[PDB]
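Take a look at the structure below.
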Ligand SMILES: CC(=O)N[C@H]1[C@H]([C@H](O)[C@H](O)CO)O[C@@](O[C@H]2[C@@H](O)[C@@H](CO)O[C@@H](O[C@H]3[C@H](O)[C@@H](O)[C@H](O)O[C@@H]3CO)[C@@H]2O)(C(=O)O)C[C@@H]1O
Ligand SMILES: CC(=O)N[C@H]1[C@H]([C@H](O)[C@H](O)CO)O[C@@](O[C@H]2[C@@H](O)[C@@H](CO)O[C@@H](O[C@H]3[C@H](O)[C@@H](O)[C@H](O)O[C@@H]3CO)[C@@H]2O)(C(=O)O)C[C@@H]1O
């Protein structure tokens, strides 16, 4: 954002009324002195995400079936980048019952 | 040591659900997505109890007829609807530098409808073979069938045509030509209403009885299927894990998911199952598998940065409402532009224009 | 370092409707024209009221049978007929000084008959499956079919 | 919408600048079948890579799509259904020789 | 001869090392059809030129052949027939990378230097494992690193 988020709590305890046991309680305030600088990072963002945003504008909203979620009807996915010599049993990893 | 080196097969990085995608891939790195759509025609999933919904799940409820020519109102479960979904994919990279970006481009896809075996159940209470002594086989699914599907980089563009523009479709819970174009149907819809065009924005909603893959002059979906009419007509199907198909286009392209989503759409009527109580001819469908193979393709960005960048920053500005320097009553009487420096002309009230290409000492007004 | 170069594809020049043709298309230009013809067999368009024309538009009206080997009356609305049309492209030649003119040549064509789904309406009023108790399905289109173009 | 199919046919002339096709599928109960596809293109190109030539800048599409009889729950009013057809005509510019140089009467009525 | 066909189907698992093919031809009176012939062969060869590799050292043949029903001239007791299928497989010897980690074998005996544990869920639908990240290389610092790689989370 360009935001600095301070957050806190400072309960001291119960203030008790000479009346009864209205233990209604007290807290104090807090000071902050942030020392901050300017640091170069790599843009986390893909600018034409907005071009994509545009496509998501011109492109209607669907209801449509579950291809994400808990009952996703996505059965499986695989990704391949390289070339590995034919594996024996491609799928044989950590055996646990 | 040099134990002979096995054949080179493409190396799987990781498999698993959609999240596997999350992982940076690289740029040649392909993704295989198996998934499927369940056949939603009529009775919805929700009445989970096989008593309350009788579990007609994946079955046209009953077949709601018509009064007579005058009145034909179907039922919202006497109505098989276009089944579909959208796969949401990761965003890939940019290069505002060379103004070029990469997209999710589908290539091939194997698909298969499953459950053709199910239509070998021949007990149960359908009309028996021999009605008479009430014996035989409880008659298999038969009747018209239809399977069609598509795969696209945007939803399916469709077109409505119907049998009788008078059918009393409900305004409620289904998308009809009306629901889309407010007004009612006309004989035109009934044949080729160039107006009656929608998008597959919903699901289990536009019935197939109406909406059809419209061969819009334009498309980023590949689709196909077929009709097979009839009443007794035998159901026929293809069990195979062998074949792939090419979403690739004529220029070697396939679809490209604009909006990092992939769109699957399809329908699979097998035909009517028939009760004994009566000829409550209600129909069945089967689910469909999908194995989409899509790669990363580098494409020329379409619309110019500025436009977006600065189209936005101009939409940020205070909206002004004010006098017309536009439209049909511009309070602007005139505009000229100069850059050069010709030597004095003659007629100072001369004009100048440029047309579909070039610039002209406008005709001496004297035509 | 450089720029990735997307695959080469035929560059669109303009798209829209017939007006587009007007563009000085050059010579190796290409034109894609999508159009469609409505099936004018039987009932003509015109009576738009689905009560007066019943809206049989896109249907042979009734079946004007004949009287006998001697007598056979057609009934012009009991008669599916050849549907056609003409696209009027633009004129291409202009320099007559040459013994070389230029003209429009058709190359290929995708085509598709649409709406086979329509025939999935099994309710409505057609002879039922079960005539007897008047039940079943208002029996779909069936019969000889013919498609040509 | 005039010449009825029941009468007129694509006469295979000696000569033709049109490509045509289709088929009959006779029958009474005969089920209908159709082809939904986006994918396939057809070539009007001829045996010499010529395809048609819009002599007279006209392009002439023509077709007929009978599907069968819809039979009224009544009597046996078999009135039959038809469907529409899309066309994506792909066409280019071809070059030719000026025909007019065939002088006055040398071609006139020839 | 247990899984009734009536129920079970060749599931196109995302993954497969089998080649199946078949068809359903429905109907009540539907006429049978076949192909008496020893002429052509079929390739189980995979997309990458592989074909099945008998994992285990087995070759698995599976099939079904309903021809339709034989109807008793008695009543209307159909009870259908099927025929046998022959197979002629052609197999070669192929080289692959080793799949069997002896460490598993030997460390199958490691979970015996310790017993079996019940204990809370760290795999399931209740994995009290809220999170895992794996890091390997080094990149300069990014802004928001947990970037919503999906368009809709915007
Ligand atoms: C076991 C059995 O007989 N199943 C029938 C059912 C049942 O008769 C009942 O509907 C569910 O227990 O009918 C099926 O068809 C029904 C379907 O066409 C629906 C469409 O809305 O209507 C049912 O009758 C309606 C009637 O048409 C409406 O006017 C009325 O308001 O409600 C009635 C039902 O209460 C049809 O019978 C079905 O699947 O539900 C067909 C099964 O074979
Ligand atoms: C719902 C229904 O059954 N519609 C019928 C109609 C209706 O009976 C009609 O619309 C009532 O106005 O009849 C249809 O058949 C007609 C058709 O065969 C035509 C062919 O020309 O003839 C009609 O009778 C004619 C008669 O032959 C003429 O000589 C006379 O001039 O006019 C009569 C009609 O008023 C048939 O009834 C029809 O399409 O109109 C078939 C529909 O299914």
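Residue numbers (PDB author numbering), protein chains in the order written: chain G, 275 to 371; chain D, 17 to 383; chain E, 17 to 165; chain F, 220 to 329; chain Y, 220 to 373. Where a beta carbon is used, it is the ideal one built from N, C-alpha and C, also for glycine.
{"query": "Tell me the rounded alpha-carbon separation between residue 137 of chain E and residue 289 of chain F.", "result": "11 angstroms"}
{"query": "Assess, as a yes-or-no matter, whether the region 121-137 of chain E is touched by the region 218-228 of chain D under the definition of 3 or more beta carbon pairs within less than 8 angstroms.", "result": "yes"}
{"query": "So, do the region 233-245 of chain D and the region 165-182 of chain D have three or more beta carbon pairs nearer to each other than 8 angstroms?", "result": "yes"}
{"query": "Keeping to the same chain, check which residues put their C-beta closer than 7 angstroms to that of residue 254 of chain Y; ignore five residues upstream and five downstream.", "result": "none"}
{"query": "For the candidate residues E:18, E:23, E:17, whose alpha-carbon lies nearest to that of residue 315 of chain D?", "result": "E:23"}
{"query": "Is residue 233 of chain Y close to chain D, meaning its C-beta is less than 9 angstroms from at least one C-beta of that chain?", "result": "yes"}
{"query": "Does ligand 2 have even one heavy atom less than 8 angstroms from the beta-carbon of residue 296 of chain F?", "result": "yes"}
{"query": "Can you check which of these residues, Y:266, Y:283, Y:310, Y:361, is closest to residue 25 of chain D by C-alpha distance?", "result": "Y:266"}
{"query": "Counting only beta-carbon atoms, is residue 44 of chain D nearer than 9 angstroms to chain F?", "result": "no"}
{"query": "Thinking just about the alpha-carbon of each residue, which of D:179, D:150, D:47, D:82 is nearest to the one in residue 121 of chain D?", "result": "D:47"}
{"query": "What does the Cβ neighbour count give for residue 141 of chain D, buried or exposed, with the cut at 16 atoms within 10 Å?", "result": "exposed"}
{"query": "Out of E:126, E:69, E:45, E:113, which one is the CA nearest neighbour of residue 165 of chain E?", "result": "E:126"}
{"query": "What does residue 244 of chain D touch in chain F if you count any residue whose Cβ is under 9 angstroms from its own?", "result": "250, 251, 252, 253"}
{"query": "What does residue 305 of chain F touch in chain D if you count any residue whose Cβ is under 8 angstroms from its own?", "result": "231"}
{"query": "Would you say residue 249 of chain F and residue 74 of chain E are within 9 angstroms of each other, going by their C-beta atoms?", "result": "no"}
{"query": "Can you name, in chain order, every residue of its own chain whose Cβ lies under 7 angstroms from the Cβ of residue 59 of chain D, other than the five neighbours on each side?", "result": "69, 72, 73, 75, 77, 93"}
{"query": "Taking only the alpha-carbon atoms, compute the straight-line gap between residue 321 of chain Y and residue 327 of chain Y and give it to the nearest angstrom.", "result": "9 angstroms"}
{"query": "If you draw a straight line from the C-alpha of residue 207 of chain D to the C-alpha of residue 223 of chain D, how long is it?", "result": "17 angstroms"}
{"query": "Helix or strand or just coil, what does DSSP make of residue 301 of chain G?", "result": "strand"}
{"query": "Identify each residue in the region 200-227 of chain D for which the Cβ-Cβ distance to at least one residue of chain F is less than 8 angstroms, and report them in chain order.", "result": "207, 208"}
{"query": "Compare the Cα-Cα distances from residue 80 of chain D to each of E:154, E:162, E:113, E:99 and report the closest residue.", "result": "E:154"}
{"query": "Tell me the DSSP secondary structure of residue 97 of chain E in three-state form.", "result": "strand"}
{"query": "Among F:278, F:282, F:274, F:306, which has the Cα closest to the Cα of residue 103 of chain E?", "result": "F:278"}
{"query": "Establish whether the CB of residue 267 of chain F and some CB of chain E are separated by less than 9 angstroms.", "result": "no"}
{"query": "Got a sec: which bits of the region 91-106 of chain E sit with their beta carbon under 8 angstroms from any beta carbon on chain F, in order along the chain?", "result": "94, 95, 96, 97, 98, 99, 100, 101, 102, 103, 104, 105, 106"}
{"query": "For residue 301 of chain F and residue 247 of chain D, what's the separation of their Cα atoms in angstroms?", "result": "19 angstroms"}
{"query": "Taking only beta-carbon positions, decide if residue 80 of chain D is within less than 9 angstroms of chain E.", "result": "yes"}
{"query": "Checking 9 angstroms against the spacing of the C-beta atoms, do residue 41 of chain E and residue 307 of chain F come in under that value?", "result": "no"}
{"query": "Closest by CA to residue 284 of chain D, which one among D:271, D:299, D:292?", "result": "D:299"}
{"query": "Taking the alpha-carbon of residue 273 of chain Y as reference, which of G:333, G:352, G:361 has the nearest alpha-carbon?", "result": "G:361"}
{"query": "Under 6 angstroms Cβ to Cβ from residue 117 of chain E, same chain only, skipping five residues before and after it: list those, please.", "result": "109"}
{"query": "Quick check: the Cα distance between residue 319 of chain G and residue 366 of chain Y, rounded to an integer number of angstroms?", "result": "8 angstroms"}
{"query": "Can you tell me whether residue 183 of chain Y is helix, strand or coil according to DSSP?", "result": "Only positions 220 to 373 of chain Y appear in this structure, which leaves residue 183 of chain Y out of reach."}
{"query": "Do residue 280 of chain F and residue 18 of chain E have their beta-carbon atoms positioned less than 9 angstroms apart in this structure?", "result": "no"}
{"query": "Taking 8 angstroms as the cut-off, is the C-beta of residue 85 of chain D nearer than that to any heavy atom in ligand 2?", "result": "yes"}
{"query": "Counting only Cβ-Cβ distances shorter than 9 angstroms, please list the residues of the region 117-131 of chain E near chain F, keeping chain order.", "result": "117, 118, 119, 120, 121, 122, 123, 124, 125, 126, 127, 128, 129, 130, 131"}
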